[PDB]
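Colleague:
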Amino acid sequence: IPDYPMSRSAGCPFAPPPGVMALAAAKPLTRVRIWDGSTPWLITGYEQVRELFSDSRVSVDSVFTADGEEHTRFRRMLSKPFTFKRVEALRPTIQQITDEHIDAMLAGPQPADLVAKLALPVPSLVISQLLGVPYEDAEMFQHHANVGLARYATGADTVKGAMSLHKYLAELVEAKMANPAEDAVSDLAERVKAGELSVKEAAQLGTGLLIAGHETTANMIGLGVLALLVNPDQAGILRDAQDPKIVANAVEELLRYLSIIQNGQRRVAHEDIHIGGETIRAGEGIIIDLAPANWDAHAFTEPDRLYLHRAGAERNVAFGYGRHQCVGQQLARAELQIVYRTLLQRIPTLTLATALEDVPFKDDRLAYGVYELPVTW
Ligand code: HEM
């Protein structure tokens, strides 16, 4: 019985770990051994990965962990913050923050670290605006969010970065209980006012949103941009594209390719479950593995290929499937749309500043990324 997870390859470093991709060639599903030493069921094939995500005999063992109607409770509370018009309305400020950040990057020296100057700051600012942190508190919020993800930060640094983030979100929650605007925390604040969640639970959740949608999107920006640069054929397409429909699909094809969230929360089966030709005896653990699904040649004809015109690209599960899909979905999509198109058209001479093999990737972090991305232009 093999060990999970497995490590990515040099020379194929965008690719899912080859050892996982092999396993996935044999059986839509195989039994693995993990950190603690328990032996859960790694789901690899696309068709069955979607199924278990959408199967009630399956559930997850705060809204991250909460399940049952307990999850519907937590997740209904999140509907108002990420409606369509609620995210639509953010496209402008996503575009102003990007434009701002690209400028400051152009005005500085080069080679410049795209991670440092763009990939990290833009999500946490966008998350911020969605929450509704006042303008006054942008840089402090930024600081206490970018202290965590620094490759140079202590653990203590990361602790007393999060401590004051929870402390501040509680403040702003109460503040939005007082003065509700149209932002996200006002919505959480509206829920404290109805006996539904304490300030702590709301501060936790606000904190929860920042974490969830920061290093993820950051990593999509960074890795995404890199992937674009070694694939100039595609960079051109994304840059000259004239349809919002087509640029949206090119984001979908980037989420599928990079598949930064390789895993997916560790679920468990309540009843016995028969697919892939084996039986998931109830009780046993389930790991619904998204990279190999996104790289399943049954549904994505040339999975090693980065084809931004790829026909069914929003077929992927880079955001998960079923109950517990990424709540950030539409917002993160806007982010990558904005940032990708805008960088690629304002900086058409953007060039990778080192040999690719020099680039530092984020192996250990569950979410795959690059630690810094030097560009010239
Ligand atoms: C706007 C930015 C984002 C926000 C606010 C956000 C927030 C969240 C939250 C709260 C959840 C938990 C929902 C639940 O499990 O009930 C979640 C799940 C998830 N997120 Fe996102 N996220 C963001 C961006 C991303 C990105 C960019 C990716 C991948 C490229 C991603 C991948 C996922 C996946 C795969 C899940 C589902 C985990 C599972 O079903 O086990 N997220 N997100």
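For the sequence shown, the positions run 16 to 76, 99 to 414 when PDB author numbering is used. Using N, Cα and C, we set each Cβ at its ideal position, and we do this for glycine too.
To the nearest angstrom, report how far apart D333 and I310 are at their CA atoms.
Modeller: Locating residue 333 in the sequence shown gives position 296, where the first residue counts as 1. Locating residue 310 in the sequence shown gives position 273, where the first residue counts as 1. Going from the Cα of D333 to the Cα of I310 covers about 22 Å.
Colleague: My guess is that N286 and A350 are in contact by the Cβ rule of under 8 Å, so how many angstroms apart are they, rounded?
Modeller: Mapped onto the sequence shown, residue 286 falls at position 249. Mapped onto the sequence shown, residue 350 falls at position 313. Going by Cβ atoms, the distance from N286 to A350 rounds to 5 Å, so yes, they are a contact pair.
Colleague: Sorry if obvious, but does the Cβ on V364 come closer than 7 Å to a heavy atom of the ligand HEM?
Modeller: As a working note, residue 364 is residue 327 in the sequence shown. Within the cutoff, so yes.
Colleague: Might you give, ordered along the chain, the residues of its own chain that have their beta carbon closer than 6 Å to the beta carbon of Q299, omitting 5 neighbours on each side?
Modeller: Residue numbering aside, residue 299 sits at position 262 when the sequence shown is read from its first letter. Answer for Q299: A328, listed in chain order.
Colleague: Let me know the secondary structure DSSP gives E233 once reduced to three states.
Modeller: Position 196 of the sequence shown holds residue 233. It is coil, neither helix nor strand.
Colleague: What did DSSP end up calling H335 once you bin it into helix, strand or coil?
Modeller: By one-based count along the sequence shown, residue 335 stands at place 298. Coil, per DSSP.
Colleague: Which same chain residues, not among the five before or five after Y294, have their C-beta less than 7 Å away from its C-beta?
Modeller: Mapped onto the sequence shown, residue 294 falls at position 257. Once the five neighbours on either side are set aside, the close Cβ partners of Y294 are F29, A264, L343.
Colleague: Please determine whether the Cβ atom of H335 lies at a distance below 7 Å from any heavy atom of the ligand HEM.
Modeller: Counted from its first residue, the sequence shown places residue 335 at position 298. Answer for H335: no, Cβ out of range of the ligand HEM.
Colleague: For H361, does the three-state DSSP call read helix, strand or coil?
Modeller: Residue numbering aside, residue 361 sits at position 324 when the sequence shown is read from its first letter. Three-state DSSP puts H361 in coil, outside helix and strand.
Colleague: What are the start and end residues of each continuous alpha helix (DSSP H) run of 4 or more residues lying completely inside the segment 199–250, in chain order?
Modeller: Runs found: 221–229, 236–249.
Colleague: Are at least three pairs of beta-carbons, each pair with one atom in the segment 164–171 and one in the segment 203–215, less than 8 Å apart?
Modeller: Contact holds: three or more Cβ-Cβ distances are below 8 Å.
Colleague: Considering only their Cβ atoms, is the gap separating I164 from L380 smaller than 8 Å?
Modeller: By 1-based counting over the sequence shown, the position of residue 380 is 343. By 1-based counting over the sequence shown, the position of residue 164 is 127. No. Outside cutoff.
Colleague: By a C-beta neighbour count over all protein chains shown, 10 Å radius and 16 as the cutoff for buried, is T59 buried or exposed?
Modeller: Start at 1 with the first residue of the sequence shown, and residue 59 comes out as number 44. Buried, by the Cβ-count rule.
Colleague: Please work out which residues of its chain come closer than 6 Å, Cβ to Cβ, to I283, disregarding the five sequence neighbours upstream and downstream, and give them in chain order.
Modeller: For this step, residue 283 is matched to residue 246 along the sequence shown. Result list for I283: empty, nothing under 6 Å.
Colleague: Run the CB neighbour count on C363, radius 10 Å, all protein chains shown included, and call it buried at 16 or more, exposed below.
Modeller: For the purposes of this step, residue 363 is identified with residue 326 of the sequence shown, where counting begins at 1. Buried is the call here.
Colleague: Could you name the residues of the same chain whose beta carbon sits closer than 6 Å to that of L202, not counting the 5 residues immediately before and after it, in chain order?
Modeller: Start at 1 with the first residue of the sequence shown, and residue 202 comes out as number 165. Closer than 6 Å at Cβ, skipping near neighbours: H181, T244.
Colleague: Is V407 closer than 8 Å to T135 when the C-beta atoms are compared?
Modeller: One-based indexing of the sequence shown puts residue 135 at position 98. One-based indexing of the sequence shown puts residue 407 at position 370. In this structure, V407 does not lie closer than 8 Å to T135 by Cβ.
Colleague: In the DSSP assignment, find the alpha helix (DSSP H) that holds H181 and state where it starts and stops.
Modeller: The sequence position of residue 181 within the sequence shown is 144, counting from 1. Residues 175–186.
Colleague: Can you grab the Cα-Cα spacing for the pair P146 / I16, in whole Å?
Modeller: The residue labelled residue 146 in the question sits at position 109 within the sequence shown. The residue labelled residue 16 in the question sits at position 1 within the sequence shown. If I take the Cα positions, the gap works out to 51 Å.
Colleague: Return yes when at least one heavy atom of the ligand HEM lies under 7 Å from the C-beta of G357, else no.
Modeller: Translated into positions along the sequence shown, residue 357 becomes position 320. Yes - the ligand HEM has a heavy atom lying nearer than 7 Å to the Cβ of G357.
Colleague: May I ask you to check if the CB of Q302 is nearer than 7 Å to at least one heavy atom of the ligand HEM?
Modeller: Your numbering for residue 302 matches position 265 in the sequence shown. Yes, the beta carbon of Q302 sits closer than 7 Å to at least one heavy atom of the ligand HEM.
Colleague: Should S223 be labelled buried (16 or more other beta-carbon atoms within 10 Å of its own) or exposed?
Modeller: Along the sequence shown, one-based indexing puts residue 223 at 186. Buried: at least 16 other Cβ atoms inside 10 Å.
Colleague: Would you kindly check if the distance between the Cβ of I297 and the Cβ of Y405 is under 8 Å?
Modeller: For the purposes of this step, residue 405 is taken as the residue at position 368 of the sequence shown. For the purposes of this step, residue 297 is taken as the residue at position 260 of the sequence shown. Cβ distance < 8 Å, so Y405 and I297 count as in contact.
Colleague: Is any heavy atom of the ligand HEM found at a distance shorter than 7 Å from the C-beta of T109?
Modeller: Within the sequence shown, numbered from 1, the residue matching residue 109 stands at position 72. Not so, every heavy atom of the ligand HEM lies at least 7 Å from the Cβ.
Colleague: Closest to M257 by C-alpha separation, out of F121, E289, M142, would be which residue?
Modeller: Counting from 1 along the sequence shown, the entry for residue 257 is found at position 220. It is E289.
Colleague: In whole angstroms, what is the alpha-carbon distance linking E372 and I131?
Modeller: The residue labelled residue 372 in the question sits at position 335 within the sequence shown. The residue labelled residue 131 in the question sits at position 94 within the sequence shown. Answer to the nearest angstrom: the Cα atoms are 7 Å apart.
Colleague: With distances taken Cα to Cα, identify the nearest neighbour of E321 among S22, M21, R72.
Modeller: Counting from one through the sequence shown, the residue named residue 321 turns up at place 284. Residue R72 is the option with its Cα nearest to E321.
Colleague: Grouping DSSP H, G and I as helix and E and B as strand, with all else coil, what is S161?
Modeller: Within the sequence shown, the letter at position 124 stands for residue 161. Residue state, collapsed to three classes: helix.
Colleague: Taking only three categories from DSSP, how would you classify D140?
Modeller: Translated into the one-based positions of the sequence shown, residue 140 becomes position 103. If DSSP states are grouped into helix, strand and coil, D140 belongs with the helices.
Colleague: Quick one: what's got a C-beta closer than 6 Å to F111's C-beta in the same chain, skipping five residues either side?
Modeller: Here residue 111 refers to the residue found at position 74 when the sequence shown is read from its first residue. These residues qualify, in order along the chain: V100, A103.
Colleague: Any idea if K237 is buried or exposed, counting beta-carbon neighbours within 10 angstroms, 16 or more meaning buried?
Modeller: Within the sequence shown, the letter at position 200 stands for residue 237. Counting Cβ neighbours within 10 Å, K237 comes out exposed, since fewer than 16 surround it.
Colleague: Whose C-alpha, out of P158, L143, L225, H346, is nearest the C-alpha of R113?
Modeller: Position 76 of the sequence shown, counted from the first residue, corresponds to residue 113. With distances taken between Cα atoms, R113 lies closest to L225.
Colleague: According to DSSP, is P129 helix, strand or coil?
Modeller: Residue mapping note: residue 129 aligns to position 92 of the sequence shown, counting from 1. Three-state DSSP puts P129 in a helix.
Colleague: Could you tell me the distance, in whole angstroms, from the CA atom of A187 to the CA atom of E62?
Modeller: By one-based count along the sequence shown, residue 187 stands at place 150. By one-based count along the sequence shown, residue 62 stands at place 47. Approximately 37 Å, taken between the alpha carbons.
Colleague: So for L381, helix, strand or coil by DSSP?
Modeller: For the purposes of this step, residue 381 is taken as the residue at position 344 of the sequence shown. Three-state DSSP puts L381 in a helix.
Colleague: Taking DSSP's pairing of strands, which residues face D18 in a bridge?
Modeller: To locate residue 18, count along the sequence shown from 1; it is residue 3. Answer is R48.
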